[PDB]
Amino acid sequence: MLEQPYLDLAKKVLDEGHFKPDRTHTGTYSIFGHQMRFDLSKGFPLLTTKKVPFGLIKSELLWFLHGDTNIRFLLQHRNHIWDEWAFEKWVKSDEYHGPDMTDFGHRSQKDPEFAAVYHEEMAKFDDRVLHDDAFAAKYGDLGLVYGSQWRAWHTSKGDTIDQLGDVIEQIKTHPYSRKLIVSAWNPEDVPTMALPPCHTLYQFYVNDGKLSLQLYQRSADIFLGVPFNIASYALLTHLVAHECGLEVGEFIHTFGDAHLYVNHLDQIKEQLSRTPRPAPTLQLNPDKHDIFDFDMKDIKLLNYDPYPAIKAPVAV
């Protein structure tokens, strides 16, 4: 089945992943260097052996495509995937005067009541960003996140480069170019960042009128991370193909440190006992072609029939 490569990665890490301690002191089982491919002509690689929220995937991707860096957009779509990042700044600001939120991420993980005051402050923060424009401009803007890296790479000369916009043009004028590359890694910024890009670099490739894309992910959470990562980039591959009038080829996913956190083993084992169902089909707006001017309604997933979702503790 289409998603089999993912299940095969989960197995391999269980069988031969060496224990390797990580920064979160949680513990992991990892392997270095792995690659899997998905034939996008066979279907959309959104897992069926477990329910994945495609809505969070499409919204976040469009957010990236717009060159947006402000969370406000996301909250407007109920997408909270990045809140933790903006909320941190607020908490550590001189304007922040409320309950000490030190190590709130896992502190909430170890306190039902702390998580109460914490989920309270968070709910407030999200409200301000949603309504108070000046507050949003100050705390809702992540700054250095995929959107600016893809669409507004700051140059020494003081300008900004639209990597993605330029590459799409190159695909339209030199499809056989061996350097349709977009980077998210900037040695200048990487040192001072909290979490340097996990999706370090990706490359397009065209042949026989088909578009393929290879992604280099330096670090990966097999259980919680990967199911999403696959959907984000397979979707990007479709959008760019659509915009360039090409057929879709395959999404090649290359890994650096693929890992399983020790606290996801029972969950991963369970999923492995499930049998993949046919993959869903993706459908994009035929009339509209400028992918940068796309919105939710322009992308629809069909025939997605997953198994129930699988809950598991995030490693914080």
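The first residue of the shown sequence is 1; numbering continues from there.
Asker: Should the higher mean CA B-factor in the entry be assigned to 70-78 or to 187-195?
Answerer: Result of the comparison: 187-195.
Asker: Determine, for stretches 303-311 and 290-298, which one has the higher mean CA B-factor as deposited.
Answerer: Mean C-alpha B-factor is greater for 290-298.
Asker: Name the residue from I171, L235, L164, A115 with the greatest C-alpha temperature factor listed in the entry.
Answerer: Max CA B-factor in the entry, restricted to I171, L235, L164, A115: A115.
Asker: Determine which member of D126, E95, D141, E243 has the highest CA B-factor, using the values in the deposited entry.
Answerer: That would be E95.
Asker: What third of its chain, lowest, middle or highest, does the C-alpha temperature factor of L2 fall into?
Answerer: Its C-alpha B-factor belongs to the middle third of this chain's values.
Asker: Lowest, middle or highest third: which one holds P175 when the chain's residues are ordered by CA B-factor from the entry?
Answerer: Middle third.
Asker: Comparing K110 with the other modelled residues of its chain, is its CA B-factor in the lowest, middle or highest third?
Answerer: CA B-factor rank for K110: highest third.
Asker: Can you tell me whether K12 has a C-alpha B-factor in the lowest, middle or highest third compared with the other modelled residues of the same chain?
Answerer: Tercile = lowest for this residue's CA B-factor.
Asker: In terms of the CA temperature factor given in the entry, to which third of its chain does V91 belong: lowest, middle or highest?
Answerer: Highest third of the chain for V91's C-alpha B-factor.
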